[PDB]
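J.:
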Amino acid sequence: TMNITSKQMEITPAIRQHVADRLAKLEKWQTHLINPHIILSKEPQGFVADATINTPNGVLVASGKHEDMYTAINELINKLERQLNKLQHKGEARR
Amino acid sequence: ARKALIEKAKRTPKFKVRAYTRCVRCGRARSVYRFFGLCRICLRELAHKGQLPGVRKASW
Amino acid sequence: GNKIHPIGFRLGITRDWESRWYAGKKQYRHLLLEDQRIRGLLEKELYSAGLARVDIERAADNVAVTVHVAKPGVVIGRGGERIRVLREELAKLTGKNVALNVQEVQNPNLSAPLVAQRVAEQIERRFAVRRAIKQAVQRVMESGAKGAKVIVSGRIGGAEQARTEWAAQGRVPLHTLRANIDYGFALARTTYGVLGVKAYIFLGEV
Amino acid sequence: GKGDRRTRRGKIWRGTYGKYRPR
Amino acid sequence: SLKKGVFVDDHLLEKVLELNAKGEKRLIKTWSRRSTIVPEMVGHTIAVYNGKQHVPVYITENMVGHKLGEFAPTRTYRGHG
Amino acid sequence: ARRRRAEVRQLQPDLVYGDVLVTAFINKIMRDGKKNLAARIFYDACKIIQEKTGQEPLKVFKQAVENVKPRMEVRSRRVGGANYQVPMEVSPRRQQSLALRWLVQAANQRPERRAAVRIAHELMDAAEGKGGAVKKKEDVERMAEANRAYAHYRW
RNA sequence: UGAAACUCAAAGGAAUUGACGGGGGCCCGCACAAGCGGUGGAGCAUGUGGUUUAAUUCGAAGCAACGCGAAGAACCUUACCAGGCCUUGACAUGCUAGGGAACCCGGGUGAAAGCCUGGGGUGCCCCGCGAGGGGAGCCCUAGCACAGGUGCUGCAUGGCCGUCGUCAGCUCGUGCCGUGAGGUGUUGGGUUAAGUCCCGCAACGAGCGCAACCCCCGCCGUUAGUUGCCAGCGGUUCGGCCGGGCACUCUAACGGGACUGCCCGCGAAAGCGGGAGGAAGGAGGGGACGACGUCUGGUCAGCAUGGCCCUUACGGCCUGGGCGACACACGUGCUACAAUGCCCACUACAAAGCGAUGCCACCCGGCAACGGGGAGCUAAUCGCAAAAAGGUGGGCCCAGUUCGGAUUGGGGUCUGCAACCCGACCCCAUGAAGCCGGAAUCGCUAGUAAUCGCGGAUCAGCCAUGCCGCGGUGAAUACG
Ligand SMILES: [Mg+2]
Ligand SMILES: [Mg+2]
Ligand SMILES: [Mg+2]
Ligand SMILES: [Mg+2]
Ligand SMILES: [Mg+2]
Ligand SMILES: [Mg+2]
Ligand SMILES: [Mg+2]
Ligand SMILES: [Mg+2]
Ligand SMILES: [Mg+2]
Ligand SMILES: [Mg+2]
Ligand SMILES: [Mg+2]
Ligand SMILES: [Mg+2]
Ligand SMILES: [Mg+2]
Ligand SMILES: [Mg+2]
Ligand SMILES: [Mg+2]
Ligand SMILES: [Mg+2]
Ligand SMILES: [Mg+2]
Ligand SMILES: [Mg+2]
Ligand SMILES: [Mg+2]
Ligand SMILES: [Mg+2]
Ligand SMILES: [Mg+2]
Ligand SMILES: [Mg+2]
Ligand SMILES: [Mg+2]
Ligand SMILES: [Mg+2]
Ligand SMILES: [Mg+2]
Ligand SMILES: [Mg+2]
Ligand SMILES: [Mg+2]
Ligand SMILES: [Mg+2]
Ligand SMILES: [Mg+2]
Ligand SMILES: [Mg+2]
Ligand SMILES: [Mg+2]
Ligand SMILES: [Mg+2]
Ligand SMILES: [Mg+2]
Ligand SMILES: [Mg+2]
Ligand SMILES: [Mg+2]
Ligand SMILES: [Mg+2]
Ligand SMILES: [Mg+2]
Ligand SMILES: [Mg+2]
Ligand SMILES: [Mg+2]
Ligand SMILES: [Mg+2]
Ligand SMILES: [Mg+2]
Ligand SMILES: [Mg+2]
Ligand SMILES: [Mg+2]
Ligand SMILES: [Mg+2]
Ligand SMILES: [Mg+2]
Ligand SMILES: [Mg+2]
Ligand SMILES: [Zn+2]
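Residue numbers (PDB author numbering), protein chains in the order written: chain AY, 2 to 96; chain AN, 2 to 61; chain AC, 2 to 207; chain AU, 2 to 24; chain AS, 4 to 84; chain AG, 2 to 156.
#1: In whole angstroms, what separates the C-alpha of AY:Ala50 from that of AY:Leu81?
#2: Helix, strand or coil for AG:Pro71 per DSSP?
#3: Return the residues of the stretch 11 to 25 of chain AC that lie within a Cβ-Cβ distance of less than 8 Å from chain AN, sorted by chain order.
#4: Using a C-beta cutoff of 7 Å, does AC:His69 count as contacting chain AN?
#5: Could you check which residue in AC:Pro114, AC:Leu101 and AC:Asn63 has the C-alpha nearest to that of AN:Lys50?
#6: Report, in whole angstroms, the separation of the C-beta atoms of residue 194 of chain AG and AG:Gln86, which I expect to be a contact under 8 Å.
#7: Output, in chain order, the set of chain AY residues within a Cβ distance shorter than 9 Å of AG:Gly81.
#8: With distances taken Cα to Cα, identify the nearest neighbour of AG:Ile42 among AG:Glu8, AG:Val80 and AG:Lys29.
#9: For ligand 1, list every residue whose C-beta falls under 7 Å from any of its heavy atoms, going in chain order.
#10: Quick check on AC:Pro109: does DSSP put it in helix, strand or coil?
#11: Is it buried or exposed for AN:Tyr21, if we count other Cβ within 10 angstroms and need 16 for buried?
#12: In the structure shown, what three-state DSSP assignment does AY:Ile35 receive?
#13: What residue does the beta strand (DSSP E) around AG:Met89 start on, and which one ends it?
#14: Given a cut-off of 7 Å on the beta-carbon distance, is the pair AC:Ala146 and AC:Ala187 in contact?
#15: Classify AC:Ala133 as helix, strand or coil using the three-state DSSP reduction.
#16: Over what stretch of residues does the alpha helix (DSSP H) that includes AY:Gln89 continue unbroken?
#17: Let's see if you can read the secondary structure: which residues bound the beta strand (DSSP E) around AC:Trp167?
#18: AC:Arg126 to AC:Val153, Cα distance in whole Å?
#19: Check for me: the beta strand (DSSP E) holding AG:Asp33 runs from which residue to which?
#20: Assign AS:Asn53 to one of three DSSP states: helix, strand, or coil.
#21: Quick check: what's the CA-CA separation for AN:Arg57 versus AY:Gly92?
#22: Helix, strand or coil: which one does DSSP assign to AG:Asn28?
#23: Rounded to whole angstroms, what is the Cα-Cα separation between AS:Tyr61 and AS:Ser4?
#24: Based on the DSSP secondary-structure assignment, which residues constitute the bridge partners of residue 1 of chain AY?
#25: Any C-beta of chain AC sitting closer than 7 Å to the C-beta of AN:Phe16?
#26: Have a look at the DSSP bridge pairing and note the partners of AY:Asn4.
#27: Between the Cα of AS:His57 and those of AS:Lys28, AS:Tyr80, AS:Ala75 and AS:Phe10, spot the shortest distance and give me the residue it belongs to.
#28: If distances are taken between C-alpha atoms only, which option among AG:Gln13, AG:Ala145 and AG:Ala65 comes closest to AG:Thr24?
#29: Looking at ligand 47, does it come within less than 6 Å of AC:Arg54, judged from the CB to the closest heavy atom?
#30: Looking at chain AC, which residues of the stretch 17 to 31 of chain AN have a Cβ within less than 7 Å of any of its Cβ atoms?
#31: Kindly list, in the order they appear in chain AC, the residues whose Cβ is closer than 9 Å to that of AN:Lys50.
#32: Could you tell me if AC:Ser49 is buried or exposed, where buried requires 16 or more neighbouring beta carbons within 10 angstroms of its beta carbon?
#33: Under 7 Å between the Cβ atoms of AC:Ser144 and AC:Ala53?
#34: Where does AG:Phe43 sit, in a helix, a strand or coil, going by DSSP?
#35: Is it true that the stretch 7 to 17 of chain AC meets the stretch 174 to 187 of chain AC, where meeting means three or more beta-carbon pairs spaced less than 8 Å apart?
Have a look at this one:
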């Protein structure tokens, strides 16, 4: 299942289920998301959100970075979505 | 709790169980060698420096 | 974050140990722990001497304690007095027969520890670091070598961002088992923090 | 087997002797 | 475990074979969880340390070979969820 | 094998029939390096190959091997949007390897309790054209054939 | 035809070095394919996410964090929690107002720490026959100046390390080309494991990387023999045991041998194919070594170090707890689901290591762990020692079983001041899940994977199924 690592930070059950909820967006593609792992982390500039996920058609890896933690997470999902649509459509150039 | 620590391992207290190797250079409790009196780090620095008698990079 | 120590890498080949003796289990630690007290006593006190290297010998209750050096004066002194004040204090900790010794080093600018601690003290002295480095190499190559390399790293000239400065003339082939590469390291503690210095001297093929 | 203390092969893995792997 | 000797600290040992002698009381505070409950202790209330608290245990002949610590447990659990 | 061609090792011939094909087989029987084991099985089976159906265990073995080697097989390419199973001939190298492999594999699925018996019987039947191995051959070969029209995509 | 308000610090053109393309050409790596063994399911061990807690100290974070720091968490370690204590400190240098020194032992008390306390008495340079005396070894108290801080920042740092990557690269000097950034060289053809080497060429050289020089293994020589040897004879109590010998085996130091050097074949050359001899050929196999740089990678908790912060407290001692908590989730691993297997009993063949408040022969008590005695060995000369799988012959007969050994009851041993929390082992009883594992996913090209045992560091003991080594048996396959 889904695991979240808050590294050097005091996180909460509420924001944990929020990240579970934002990641749910990838369920859209109807493709197996295998042992997804997010890592939330502070930084002097702003937060950092990483995720590494494997799927039947390959693996997703990406970093969000931003002042607001929530916009960092959104940025992370935005980057992940792209990667996922690419694994899903890539060889359709099958002419 | 640090430099006081290295002192506490010097004079040998109530029970002999409480004996633990520290090291001479750094006060390191972890990965001390009996033969050298050294940690694995200190050991390395010295060996490379040539200050450890007949001690050489292995290679077989 | 990769390179093997060019002295350690040649121990037994181009270069040889600075403590030479034999022991076995029960007393090695202690023998050794002596040397490194000796070394501390010396390197502190004998700092402004120059030097590089201290060879050390042992038989029984007998320490040969050799010292190579830049200027032997600050050891021997007037008539050979201080040579003895030391031959004492060594013996006080040695608890055994000390022999304080002085060998002079030939072109102290052909010696790695010596060249690197000069640029080192020059940096603590607030000097242009890039220029200090070209020079310290210049000096070496002028007095001969087959090549020379020198490395400073840290807040160079006090820069917030760390930086690392690099200069070399002629060959320094650290992959070659017979290099005769003399390498030495100093440390500059400035008002703002510590900078590392590394010198490399290619003396030639064995 | 190698996990079963009551057998030879058991004790061998475990590096001990007893009734089932004697000295 | 523990083959021949019967281990009680000889600190709370002393305390129990005194209180029994003259007019036997209760409330012996100890931090020794390592102490066996020796039949001379049978009945009393001893206050045993789990490390934040001294937890009282009535002694009974029900329990002797045990250790005084077993009855003042170190972890507060209550559950998950 | 990006670079050149990948050498095929030759093999020490065996100390009973002096024939490479037997050791390869014994090699294929082998499990966790225990070769002595792998030997007795083959030979024990060879006891049985003579005992029942009195004959030349060498002959029987070498027969059921030729009765297994697949002449044509499918190897599938992606072309456009579909993966075509494609008909191609097996190298003599690969046929041996596929011979021995299915033989053993099908042997070890027999109901016989003792391994060498399983080896005995599977070989006796394959000599005759009956068994798990043989099927796998005929099978692989009908799966080629029927694809005959993908024989143009052939390398 | 054709505004303005408002708004922005730009919008742009061409060219450059990169990075990228679901652009192309060429080419490498267990990258894929071919193939053998696993993981993902089971039970258990171990780290980590969570939650839990008085505390469950801390770091590590895609690949490169997760049997990682930890090559030994019951106390100690220990950095956290609770309670009891100390201040000039457990520790460094120095200065003083009292006393003294040094040192060994009880006491009273307390969980201990600490607090309170009865003793003996200081050599020495010494006015000394004397009281006494001065000094300063060294202790205390008072007082400072200070110590101490695993407290913060690895984006202020040194040092060392991981990584791309053993990948074939990265650059400099002068010259030439461009207004310039920058190009050239370094590209091109050919060949190599390789910016390897050959041939071209406005370039000609040079350096850091490749290779070689170092170690290990494989063959032969020498030097050498309290290890080896009826190889040789003799004795032989039958143990290479004695005599005797260094031929062996070995041991461990120094040499030799491989060079595409020789033949054929091709080429313009470098060099590719093939052959011979050779223990070994085309880098003989393995190691050590890892460019300019990257990841604002990693570590202030190994150490160091700037700066910020705390000074009867963020310092220091102690007893105890915790770091092992358990609804859960992942990662690494152990043992398995059996007959190519399990069990018993007899019987073989290694290597590298390690051993004095250690390795224990052998004898005895014990079913046993262990416990008694007790010899040898600073160890090629004693010991750990048994290697294991294998070999032999016997039992089991497809059964959740004579598979598997989790869990639990009870009884013991050993270390240790102490095995509640929390050790390992032994014996009796208990014999769980597990019938070969979803999506997904790892390793390995040969003495390799698989499988089998052995040693070592650290260490009282040990939670090692981990790690670092060592030999035994020994495959499969590579079109591409
Ligand atoms: Mg210990
Ligand atoms: Mg069993
Ligand atoms: Mg097994
Ligand atoms: Mg335009
Ligand atoms: Mg443009
Ligand atoms: Mg491309
Ligand atoms: Mg084209
Ligand atoms: Mg594959
Ligand atoms: Mg498979
Ligand atoms: Mg599995
Ligand atoms: Mg599992
Ligand atoms: Mg930290
Ligand atoms: Mg990243
Ligand atoms: Mg451990
Ligand atoms: Mg603790
Ligand atoms: Mg008392
Ligand atoms: Mg950094
Ligand atoms: Mg750093
Ligand atoms: Mg960090
Ligand atoms: Mg110009
Ligand atoms: Mg240029
Ligand atoms: Mg280039
Ligand atoms: Mg290469
Ligand atoms: Mg080159
Ligand atoms: Mg001899
Ligand atoms: Mg000889
Ligand atoms: Mg190299
Ligand atoms: Mg960072
Ligand atoms: Mg630090
Ligand atoms: Mg300042
Ligand atoms: Mg404590
Ligand atoms: Mg832990
Ligand atoms: Mg699971
Ligand atoms: Mg494990
Ligand atoms: Mg001996
Ligand atoms: Mg059952
Ligand atoms: Mg059973
Ligand atoms: Mg059990
Ligand atoms: Mg029990
Ligand atoms: Mg069941
Ligand atoms: Mg079954
Ligand atoms: Mg499987
Ligand atoms: Mg299996
Ligand atoms: Mg390979
Ligand atoms: Mg141990
Ligand atoms: Mg082991
Ligand atoms: Zn150390």
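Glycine included, C-beta positions come from ideal geometry on N, C-alpha and C.
T.: According to the data block:
#1: Position 49 of the first sequence, counted from the start, is the residue given in the question as residue 50 of chain AY. Position 80 of the first sequence, counted from the start, is the residue given in the question as residue 81 of chain AY. One C-alpha to the other measures close to 11 Å.
#2: If you number the sixth sequence from 1, residue 71 of chain AG lands on position 70. Coil.
#3: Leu12, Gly13, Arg16, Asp17, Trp18, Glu19, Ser20, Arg21, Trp22, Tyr23 and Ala24
#4: Walking along the third sequence from the start, residue 69 of chain AC turns up at place 68. Judged by the 7 Å Cβ criterion, AC:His69 is not in contact with chain AN.
#5: Within the second sequence, numbered from 1, the residue matching residue 50 of chain AN stands at position 49. Per the Cα distances, AC:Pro114.
#6: A question about residue 194 of chain AG goes unanswered here, because the residues of chain AG that appear run from 2 up to 156.
#7: On the sixth sequence, residue 81 of chain AG is found 80 positions in, with the first residue counted as 1. Neighbours of AG:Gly81 on chain AY, chain order: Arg95 and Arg96.
#8: What you label residue 42 of chain AG is simply residue 41 of the sixth sequence in a count that begins at 1. The residue with the shortest Cα to Cα distance from AG:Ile42 is AG:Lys29.
#9: The set of residues with any CB-heavy atom separation to ligand 1 below 7 Å comprises, in chain order, AN:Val18, AN:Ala20 and AN:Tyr21.
#10: Mapped onto the third sequence, residue 109 of chain AC falls at position 108. The answer is helix: DSSP assigns AC:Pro109 an H, G or I state.
#11: Start at 1 with the first residue of the second sequence, and residue 21 of chain AN comes out as number 20. When all chains shown are included, AN:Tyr21 counts as exposed.
#12: If you number the first sequence from 1, residue 35 of chain AY lands on position 34. Note: AY:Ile35 maps to strand in three-state DSSP.
#13: One-based indexing of the sixth sequence puts residue 89 of chain AG at position 88. Taken as a continuous stretch (DSSP letters only), the beta strand (DSSP E) holding AG:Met89 covers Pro88 to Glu90.
#14: The residue you call residue 146 of chain AC lines up with position 145 of the third sequence. The residue you call residue 187 of chain AC lines up with position 186 of the third sequence. In this structure, AC:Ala187 does not lie closer than 7 Å to AC:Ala146 by Cβ.
#15: On the third sequence, residue 133 of chain AC is found 132 positions in, with the first residue counted as 1. Correct three-state label for AC:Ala133: helix.
#16: In the first sequence, the residue the question calls residue 89 of chain AY occupies position 88. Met70 to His90 is the span of the alpha helix (DSSP H), which, as asked, contains AY:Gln89.
#17: Here residue 167 of chain AC refers to the residue found at position 166 when the third sequence is read from its first residue. Residues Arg164 to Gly171.
#18: Locating residue 126 of chain AC in the third sequence gives position 125, counting from the first residue. Locating residue 153 of chain AC in the third sequence gives position 152, counting from the first residue. For AC:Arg126 and AC:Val153, the distance between alpha carbons rounds to 14 Å.
#19: In the sixth sequence, counting from the first residue as 1, residue 33 of chain AG sits at position 32. DSSP places AG:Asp33 in no beta strand (DSSP E); its state is neither H nor E.
#20: Start at 1 with the first residue of the fifth sequence, and residue 53 of chain AS comes out as number 50. Coil at AS:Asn53, not helix or strand.
#21: In the second sequence, residue 57 of chain AN corresponds to position 56, counting from 1. In the first sequence, residue 92 of chain AY corresponds to position 91, counting from 1. In a straight line, the C-alpha of AN:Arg57 is about 56 Å away from that of AY:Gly92.
#22: The residue you call residue 28 of chain AG lines up with position 27 of the sixth sequence. In the structure shown, AG:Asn28 sits in a helix (DSSP, three-state: H, G or I).
#23: Counting from one through the fifth sequence, the residue named residue 61 of chain AS turns up at place 58. Counting from one through the fifth sequence, the residue named residue 4 of chain AS turns up at place 1. If you take the alpha carbons of AS:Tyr61 and AS:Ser4, they lie about 25 Å apart.
#24: In the structure as shown, chain AY starts at 2 and stops at 96, and residue 1 of chain AY therefore has no counterpart that could be examined.
#25: The residue labelled residue 16 of chain AN in the question sits at position 15 within the second sequence. No - not a single Cβ of chain AC is within 7 Å of the one on AN:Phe16.
#26: For the purposes of this step, residue 4 of chain AY is identified with residue 3 of the first sequence, where counting begins at 1. Per DSSP, AY:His38.
#27: Translated into positions along the fifth sequence, residue 57 of chain AS becomes position 54. Nearest option by C-alpha distance: AS:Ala75.
#28: Within the sixth sequence, residue 24 of chain AG is the residue found at index 23, counting from 1. Between AG:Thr24 and the set AG:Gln13, AG:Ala145 and AG:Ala65, the nearest pair of CA atoms involves AG:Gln13.
#29: Here the question's residue 54 of chain AC lines up with position 53 in the third sequence. Not so, every heavy atom of ligand 47 lies at least 6 Å from the Cβ.
#30: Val25
#31: As a position in the second sequence, residue 50 of chain AN is number 49, starting the count at 1. Going along chain AC in sequence order, the residues near AN:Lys50 (Cβ under 9 Å) are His6, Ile8, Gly9 and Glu19.
#32: Along the third sequence, read from residue 1 onward, the residue named residue 49 of chain AC stands at position 48. The residue in question, AC:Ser49, is exposed, as its Cβ has fewer than 16 Cβ neighbours within 10 Å.
#33: Residue mapping note: residue 144 of chain AC aligns to position 143 of the third sequence, counting from 1. Residue mapping note: residue 53 of chain AC aligns to position 52 of the third sequence, counting from 1. Contact flag unset, no.
#34: Reading the sixth sequence from its first residue, position 42 is the one you call residue 43 of chain AG. Of the three classes helix, strand and coil, the one that applies to AG:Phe43 here is helix, per DSSP.
#35: Three or more Cβ pairs closer than 8 Å define a contact, and the stretch 7 to 17 of chain AC meets that threshold against the stretch 174 to 187 of chain AC.
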